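One structure is given here, and the rest of the page talks about it.
Positions of Cβ are backbone-derived with ideal geometry, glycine not excepted, and every protein chain shown enters the neighbour counts. Every number here is computed from the coordinates shown, using simple stated rules; none is lab data.
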2 protein chains.
Amino acid sequence: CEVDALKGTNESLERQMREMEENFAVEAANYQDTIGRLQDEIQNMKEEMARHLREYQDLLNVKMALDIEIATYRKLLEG
Amino acid sequence: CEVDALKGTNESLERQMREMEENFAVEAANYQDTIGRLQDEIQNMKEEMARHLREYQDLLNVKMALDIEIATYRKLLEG
């Protein structure tokens, strides 16, 4: 009994051992991938945002140049 | 020594697993914290981006209105 019981105990522990190491490896992989994918988006978004700020600043610059034109075209027209 | 061998191996595995179980638990727990934090950041950024796009839209409207208005003053001069 004692020997065989220890054998059954040993069989279970090894099976659970493998299952466990296998599963933790898979889940850790997925968690990691997810975090990687998210870190990438965050990164690409920051880049996208910088490009947007620039597009805005340039539009505003064109807009402020148009203001000068407008004001002068009116002053012209009184002629 | 084949019953001392099993009691030895078994008790070894039996605690190694207790180890893994406890360790992964905390690790996964932290993985989930990160993932959530990153998703929340992506959302906050998306919102901020949204706000910026609105501001950009108002400005673009103002600039186009100016354009139009200008074309006019340049015709009210072309005769």
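Go through (1) more than 30 Å from A:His52 (Cα to Cα); (2) among the charged types (D, E, K, R); (3) more than 7 Å from chain A (Cβ to nearest Cβ) and name the single condition B:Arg74 misses.
Status for B:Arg74: all satisfied but (3).
Considering only residues that are over 30 Å from B:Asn23 (Cα atoms) and of a type in the set (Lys, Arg), which ones fall in the range A:23-79?
Of everything in the range A:23-79, those that are over 30 Å from B:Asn23 (Cα atoms) and of a type in the set (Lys, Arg) turn out to be A:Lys46, A:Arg51, A:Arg54, A:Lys63, A:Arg74, A:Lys75.
Every residue, every condition in (1) facing chain A (nearest Cβ under 7 Å); (2) surrounded by 11 or more Cβ atoms within 10 Å (Cβ to Cβ); (3) in a helix (DSSP H, G or I), yes or no:
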position	(1), (2), (3)
B:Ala5	no, yes, yes
B:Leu13	yes, yes, yes
B:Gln16	no, yes, yes
B:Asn23	no, yes, yes
B:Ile35	yes, yes, yes
B:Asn44	no, no, yes
B:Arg51	no, no, yes
B:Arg54	no, no, yes
B:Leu59	yes, yes, yes
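Suppose the filter is within 18 Å of the chain's Cα centre (by Cα) and polar (S, T, N, Q); does B:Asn61 pass it?
no
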